[PDB]
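First comes the structure, then the notes that go with it.
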Amino acid sequence: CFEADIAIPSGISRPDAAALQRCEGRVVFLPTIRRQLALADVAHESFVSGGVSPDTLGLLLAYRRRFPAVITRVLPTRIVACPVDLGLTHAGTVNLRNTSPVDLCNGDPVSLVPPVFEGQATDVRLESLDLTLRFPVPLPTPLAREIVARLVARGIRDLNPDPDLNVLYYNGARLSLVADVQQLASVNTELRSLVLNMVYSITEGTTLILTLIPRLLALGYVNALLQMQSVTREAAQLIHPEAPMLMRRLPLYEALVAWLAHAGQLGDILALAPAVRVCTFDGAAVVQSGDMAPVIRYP
Amino acid sequence: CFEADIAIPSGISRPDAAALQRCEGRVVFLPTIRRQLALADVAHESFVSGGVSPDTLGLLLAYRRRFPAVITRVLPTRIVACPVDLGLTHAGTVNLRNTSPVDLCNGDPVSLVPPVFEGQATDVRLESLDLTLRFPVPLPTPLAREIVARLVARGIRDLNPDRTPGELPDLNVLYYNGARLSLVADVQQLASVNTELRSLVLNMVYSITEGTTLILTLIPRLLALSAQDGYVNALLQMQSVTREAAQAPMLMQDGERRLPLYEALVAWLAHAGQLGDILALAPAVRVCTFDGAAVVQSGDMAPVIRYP
Amino acid sequence: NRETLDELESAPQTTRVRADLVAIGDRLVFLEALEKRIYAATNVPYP
Amino acid sequence: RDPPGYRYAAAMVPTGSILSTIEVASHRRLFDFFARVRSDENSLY
Amino acid sequence: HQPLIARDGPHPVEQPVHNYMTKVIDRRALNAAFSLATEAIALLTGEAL
Amino acid sequence: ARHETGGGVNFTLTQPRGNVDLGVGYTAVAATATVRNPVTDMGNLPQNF
């Protein structure tokens with residue numbers, strides 16, 4: 001499996017040692033696959049980058065840069081977590097813990113940042129050694145992508161506001177998004193920076209094509225084919241946005257470069273590529289929330 | 001590991017065979033998934049389309065088609081490379097030799113690129129049998145997507161020669177960390193730039209929906225943040241069309257229960273979000289180092305693991 | 001009572017090794033430099 | 001000339017001893033052929 | 001266990017003092033690696049013969 | 001412990017240690033003797049906000 005053994009620090013309180021015992025089956029992101037790693041390297045205090053604790057965007061960056069490893073056995077003075085990325089595909093079944101909707105017999109769980117749901121709920125603080133652990137939520141890829149887009153969608157309404165996105169019905173009953181209270185104010189403040197990179201990359205994408213199409217096809221097969229299948233779609237959207245907006249090949253091309261990059265950087269952050277699949281056997285076939293679920297390395 | 005053998009055929013001189021000895025860890029594109037193959041199917045002479053060598057946007061389209069294979073070992077009469085697009089199933093992590101001015105870090109997805117730097121470029125000639133080998137340059141996807149954008153736009157800006165005067169912006173020069181990186185500006189071919197332009201134009205259209213207009217309402221609101229936050233200030237690049245685009249709902253809501261915002265995101269995210277991938281070849285590998293060395297120096301061997 | 005009994009089980013076996021002993025003031029001390037012995041070729045820096 | 005390479009057998013029967021121990025990758029250019037093998041390499045065999 | 005001195009005059013009288021303490025162990029490990037190149041594993045295990 | 005690689009397998013060796021300071025009070029003292037080199041140019045560079 002290639003186990004990597006995280007070293008618990010010096011003496012921890014008895015209630016903290018029982019906090020870790022309950023963390024078996026939880027996903028950890030380990031910065032390097034070194035066999036011997038510290039606990040402080042894994043703890044959420046190690047996600048600090050710009051001097052701040054990362055927002056939901058800063059997290060999703062890190063989740064794409066370090067290695068998630070499921071916790072297999074927690075031992076006093078160790079934690080044994082087996083990285084998801086290493087070894088052959090479809091092997092090393094290690095048990096997860098389900099959180100929220102049921103993980104049916106497949107669907108490739110994505111580990112998405114915690115704040116998307118009850119924020120501090122899952123912080124799991126350890127006071128004795130003064131560190132904390134935020135475990136990502138294991139949601140299926142279709143639902144994980146639906147949610148993360150669902151919330152930035154709700155975060156665009158909120159940006160300037162004067163049909164509920166919140167209630168997602170997922171196979172069973174209805175799933176609740178909003179925890180009401182000020183949790184939304186905490187959820188919305190962390191998606192704040194993800195919403196903008198989304199708003200920007202759209203507004204910067206349209207205006208950049210709406211300027212380019214009329215500032216191209218006027219200088220062959222480009223022209224004909226373009227306007228051909230774009231009838232009442234691109235051109236109509238051109239007149240309508242240019243109606244409620246303003247209008248340079250040299251800044252155009254140099255802005256088309258900087259956008260094209262920033263765009264794909266968001267497609268990478270976003271799309272929450274699945275870490276694992278569920279393939280069960282002699283098992284329930286649906287893993288009820290909070291129950292260990294079998295899981296295998298590639299989708 | 002479904003390794004594909006590649007036969008060195010016959011005459012191979014001592015200086016040429018010594019050149020192949022150091023090509024282990026480099027990448028090959030094979031035009032099939034095979035078990036028996038000829039050395040000449042891999043050579044740059046095979047990249048030649050009818051009568052013509054593809055340019056450096058033509059190669060990306062050729063590396064789009066066929067399969068990247070990283071050479072594992074080279075024997076006297078065969079070359080062993082396991083086709084990453086398929087046979088990536090190894091317990092531990094095939095070695096990729098970093099050939100680039102760049103440096104990998106840890107976790108960086110690695111997408112390949114035709115050789116494109118002014119100082120560098122590896123083509124290894126072999127005189128005994130007429131053939132050559134251009135090895136692609138591995139590179140982090142953030143950087144490899146910045147390059148492709150540069151080549152695309154350069155082929156597009158030089159396409160309709162610029163009406164405006166003859167002094168255009170750079171677009172030929174990058175920076176990765178420090179280290180100015182100067183791309184090779186050499187030829188642009190109609191067909192190679194067309195498809196790259198065709199699919200660029202095509203996808204940026206599909207990313208525009210009804211709900212998109214709801215977002216375009218927010219441009220004046222963005223520039224309100226341009227100026228009262230230090231972030232969001234940084235977000236808007238100085239050369240931002242959006243800034244020039246501000247220099248609205250339109251009613252028309254079809255029964256009110258569709259949720260066009262959400263649907264507009266999904267639509268944009270698919271087509272426009274995935275442009276590095278469609279314009280260029282997406283990463284299939286990411287640096288991982290077991291020994292806990294956290295970078296890969298240029299010229300070193302990068303332990304590499306399956307897709308990001 | 002019977003405290004300070006401590007312990008004295010054996011008396012290990014010894015070897016005469018090449019050391020550098022100096023009396024600084026009142027007491028005898030090993031005087032050492034140990035790079036070139038352990039740290040020599042290893043590319044580990046000397047603490 | 002391109003080096004003939006290192007002879008691995010006849011390196012098994014040394015004719016002498018190196019009396020120093022240094023990092024020789026610093027002195028890299030004092031030689032006609034040089035290789036650093038970190039642990040083991042396929043080219044030894 | 002600590003010494004003590006008899007003082008004289010108005011003062012609080014002094015009692016012997018015993019301090020009992022404990023310490024725990026700091027835990028560590030030491031790593032070194034090596035490796036065999038595949039040609040070597042093959043010669044070594046058996047088959048390339 | 002061991003794991004696979006490009007090349008061949010890799011054997012990491014680790015043994016656990018543990019340690020305690022015996023004695024109450026200070027047992028080691030260290031002292032700086034000379035300054036070898038600066039390591040920093042001890043110069044003129046500004047800050048850029």
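Lettering and numbering for the structure tokens are positional, with chains as A, B, ... in the shown order, residues counted from 1 in each chain, and ligands counted from 1 in the shown order.
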Give me, as CSV, each residue of chain F that comes within 8 Å of region 19-29 of chain E, together with its shortest interatomic pair and the distance in Å at one decimal, counting only C-alpha atoms, with rows ordered by chain and rising residue number.
residue,atom,partner,partner_atom,distance
F:14,CA,E:29,CA,6.2
F:15,CA,E:29,CA,5.3
F:16,CA,E:29,CA,4.0
F:17,CA,E:28,CA,4.8
F:18,CA,E:27,CA,4.3
F:19,CA,E:26,CA,5.2
F:20,CA,E:25,CA,5.3
Please produce a file of those selected residues containing N, CA, C and O atoms, as a PDB file, in the first residue's frame.
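File written: result.pdb
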ATOM      1  N   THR F  14      15.137   2.537   8.813  1.00  0.00           N
ATOM      2  CA  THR F  14      14.938   3.521   9.863  1.00  0.00           C
ATOM      3  C   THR F  14      14.943   2.865  11.224  1.00  0.00           C
ATOM      4  O   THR F  14      14.204   1.913  11.450  1.00  0.00           O
ATOM      5  N   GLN F  15      15.751   3.371  12.144  1.00  0.00           N
ATOM      6  CA  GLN F  15      15.477   2.791  13.430  1.00  0.00           C
ATOM      7  C   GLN F  15      15.015   3.870  14.386  1.00  0.00           C
ATOM      8  O   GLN F  15      15.518   4.993  14.342  1.00  0.00           O
ATOM      9  N   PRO F  16      14.051   3.569  15.234  1.00  0.00           N
ATOM     10  CA  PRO F  16      13.583   4.567  16.186  1.00  0.00           C
ATOM     11  C   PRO F  16      14.554   4.739  17.333  1.00  0.00           C
ATOM     12  O   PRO F  16      15.175   3.788  17.803  1.00  0.00           O
ATOM     13  N   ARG F  17      14.666   5.973  17.779  1.00  0.00           N
ATOM     14  CA  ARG F  17      15.496   6.376  18.890  1.00  0.00           C
ATOM     15  C   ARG F  17      14.592   6.933  19.971  1.00  0.00           C
ATOM     16  O   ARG F  17      13.378   7.001  19.817  1.00  0.00           O
ATOM     17  N   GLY F  18      15.189   7.346  21.068  1.00  0.00           N
ATOM     18  CA  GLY F  18      14.443   8.033  22.092  1.00  0.00           C
ATOM     19  C   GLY F  18      15.456   8.587  23.052  1.00  0.00           C
ATOM     20  O   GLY F  18      16.539   8.023  23.164  1.00  0.00           O
ATOM     21  N   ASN F  19      15.169   9.681  23.738  1.00  0.00           N
ATOM     22  CA  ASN F  19      16.235  10.229  24.557  1.00  0.00           C
ATOM     23  C   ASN F  19      15.687  11.158  25.628  1.00  0.00           C
ATOM     24  O   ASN F  19      14.611  11.732  25.486  1.00  0.00           O
ATOM     25  N   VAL F  20      16.478  11.352  26.674  1.00  0.00           N
ATOM     26  CA  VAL F  20      16.091  12.172  27.814  1.00  0.00           C
ATOM     27  C   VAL F  20      17.323  12.871  28.347  1.00  0.00           C
ATOM     28  O   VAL F  20      18.407  12.289  28.360  1.00  0.00           O
TER      29      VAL F  20
END
Do you know which residues are at most 8 Å from region 66-80 of chain A counting only C-alpha atoms, after dropping those on the same chain fewer than 2 positions away, and could you put them as a PyMOL selection string?
(chain A and resi 3-9+17+20-21+23-33+62-64+82-85+94-96) or (chain B and resi 106-107)
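Those residues that approach region 32-34 of chain B to within 8 Å, counting only C-alpha atoms, are residues 4, 37, 66, 67 and 83 of chain B; same-chain residues fewer than 3 positions away are not listed.
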Which residue of D:25, D:19, D:34, D:14 approaches residue 2 (chain D) most closely, using only C-alpha atoms:
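Comparing D:25, D:19, D:34, D:14 against residue 2 (chain D), the winner is D:34.
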Distance cut-off 7 Å, counting only C-alpha atoms - which residues of chain A neighbour chain B? Return them as a ChimeraX atom specification.
/A:32-34,65-66,86-89,149-150,153,163,199,203-204,207-209,219,234,244-247,250-251,253-255,257,260-261,263-264,266-267
Mind listing as a compact mmCIF listing (two decimals) with C-alpha atoms, in the first residue's frame which residues of chain F are within 7 Å of chain B, counting only C-alpha atoms?
# COMPACT_ATOMS: atom_id res chain seq x y z
CA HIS F 3 9.14 0.33 -2.62
CA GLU F 4 9.30 0.22 -6.44
CA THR F 5 10.80 2.78 -8.81
CA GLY F 6 12.06 3.51 -12.28
Who sits within 12 Å of residue 282 (chain A), only C-alpha atoms, same chain under 2 positions skipped, as a ChimeraX atom specification
/A:105,279-280,284-286,293-294
Selection above as a file: C-alpha atoms, as an mmCIF file, in the first residue's frame:
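As written to disk, part.cif reads:
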data_model
loop_
_atom_site.group_PDB
_atom_site.id
_atom_site.type_symbol
_atom_site.label_atom_id
_atom_site.label_comp_id
_atom_site.auth_asym_id
_atom_site.auth_seq_id
_atom_site.Cartn_x
_atom_site.Cartn_y
_atom_site.Cartn_z
ATOM 1 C CA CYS A 105 -21.644 1.369 -4.889
ATOM 2 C CA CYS A 279 -16.211 -0.789 -5.454
ATOM 3 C CA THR A 280 -17.865 -2.909 -2.772
ATOM 4 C CA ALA A 284 -24.147 -3.066 1.810
ATOM 5 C CA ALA A 285 -23.682 -1.370 -1.633
ATOM 6 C CA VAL A 286 -24.698 1.956 -0.222
ATOM 7 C CA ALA A 293 -16.901 2.473 2.948
ATOM 8 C CA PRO A 294 -14.614 0.414 0.715
#
Specify as number ranges by chain all residues of chain F found within 12 Å of chain D, counting only C-alpha atoms.
F: 6-11
Just N, CA, C and O atoms for this one: save the residues we selected as a JSON list (two decimals), in the first residue's frame.
[["chain", "number", "residue", "atom", "x", "y", "z"],
["F", 6, "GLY", "N", 11.59, 3.63, -10.92],
["F", 6, "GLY", "CA", 12.06, 3.51, -12.28],
["F", 6, "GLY", "C", 13.46, 3.17, -11.86],
["F", 6, "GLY", "O", 14.01, 3.83, -11.00],
["F", 7, "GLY", "N", 14.06, 2.14, -12.43],
["F", 7, "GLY", "CA", 15.37, 1.72, -12.00],
["F", 7, "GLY", "C", 15.02, 0.40, -11.37],
["F", 7, "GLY", "O", 14.82, -0.56, -12.09],
["F", 8, "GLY", "N", 14.93, 0.34, -10.05],
["F", 8, "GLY", "CA", 14.53, -0.86, -9.35],
["F", 8, "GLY", "C", 14.12, -0.53, -7.93],
["F", 8, "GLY", "O", 13.88, 0.63, -7.63],
["F", 9, "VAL", "N", 14.01, -1.53, -7.06],
["F", 9, "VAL", "CA", 13.40, -1.29, -5.76],
["F", 9, "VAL", "C", 14.30, -0.39, -4.93],
["F", 9, "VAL", "O", 15.42, -0.08, -5.32],
["F", 10, "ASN", "N", 13.80, 0.01, -3.77],
["F", 10, "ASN", "CA", 14.44, 1.02, -2.95],
["F", 10, "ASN", "C", 14.23, 0.59, -1.51],
["F", 10, "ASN", "O", 13.10, 0.35, -1.10],
["F", 11, "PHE", "N", 15.31, 0.49, -0.75],
["F", 11, "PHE", "CA", 15.23, -0.01, 0.61],
["F", 11, "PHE", "C", 15.54, 1.12, 1.57],
["F", 11, "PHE", "O", 16.69, 1.55, 1.67]]
Counting only C-alpha atoms, what is within 6 Å of residue 109 (chain A), bar same-chain residues fewer than 4 positions away, as an MDAnalysis selection string?
chainID A and resid 138:141 274 276:277
May I have the selected residues written with N, CA, C and O atoms, as a PDB file, in the first residue's frame?
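Just written: again-v4.pdb:
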ATOM      1  N   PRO A 138     -15.924  13.598   1.640  1.00  0.00           N
ATOM      2  CA  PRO A 138     -15.883  12.675   0.501  1.00  0.00           C
ATOM      3  C   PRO A 138     -17.173  12.618  -0.310  1.00  0.00           C
ATOM      4  O   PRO A 138     -18.030  11.789  -0.012  1.00  0.00           O
ATOM      5  N   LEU A 139     -17.350  13.469  -1.310  1.00  0.00           N
ATOM      6  CA  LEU A 139     -18.591  13.420  -2.035  1.00  0.00           C
ATOM      7  C   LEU A 139     -18.389  12.882  -3.454  1.00  0.00           C
ATOM      8  O   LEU A 139     -17.304  13.016  -4.019  1.00  0.00           O
ATOM      9  N   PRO A 140     -19.425  12.268  -4.045  1.00  0.00           N
ATOM     10  CA  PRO A 140     -19.293  11.769  -5.415  1.00  0.00           C
ATOM     11  C   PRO A 140     -19.029  12.887  -6.394  1.00  0.00           C
ATOM     12  O   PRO A 140     -19.409  14.030  -6.175  1.00  0.00           O
ATOM     13  N   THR A 141     -18.367  12.549  -7.515  1.00  0.00           N
ATOM     14  CA  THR A 141     -18.006  13.595  -8.476  1.00  0.00           C
ATOM     15  C   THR A 141     -19.212  14.328  -9.046  1.00  0.00           C
ATOM     16  O   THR A 141     -19.180  15.569  -9.089  1.00  0.00           O
ATOM     17  N   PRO A 274     -11.773  12.999  -9.416  1.00  0.00           N
ATOM     18  CA  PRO A 274     -11.968  12.009  -8.359  1.00  0.00           C
ATOM     19  C   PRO A 274     -10.656  11.425  -7.888  1.00  0.00           C
ATOM     20  O   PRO A 274      -9.796  11.058  -8.689  1.00  0.00           O
ATOM     21  N   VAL A 276     -10.713   8.594  -5.845  1.00  0.00           N
ATOM     22  CA  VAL A 276     -10.919   7.167  -5.651  1.00  0.00           C
ATOM     23  C   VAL A 276     -12.260   6.807  -6.271  1.00  0.00           C
ATOM     24  O   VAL A 276     -12.954   7.687  -6.775  1.00  0.00           O
ATOM     25  N   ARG A 277     -12.611   5.523  -6.270  1.00  0.00           N
ATOM     26  CA  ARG A 277     -13.940   4.997  -6.536  1.00  0.00           C
ATOM     27  C   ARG A 277     -14.372   4.189  -5.333  1.00  0.00           C
ATOM     28  O   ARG A 277     -13.559   3.817  -4.494  1.00  0.00           O
TER      29      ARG A 277
END
Give me, as a tab-separated table, each residue of chain C that comes within 10 Å of chain D, together with its shortest interatomic pair and the distance in Å at one decimal, counting only C-alpha atoms, with rows ordered by chain and rising residue number.
residue	atom	partner	partner_atom	distance
C:36	CA	D:21	CA	9.0
C:40	CA	D:22	CA	7.2
C:41	CA	D:22	CA	5.0
C:42	CA	D:23	CA	7.7
C:43	CA	D:23	CA	7.6
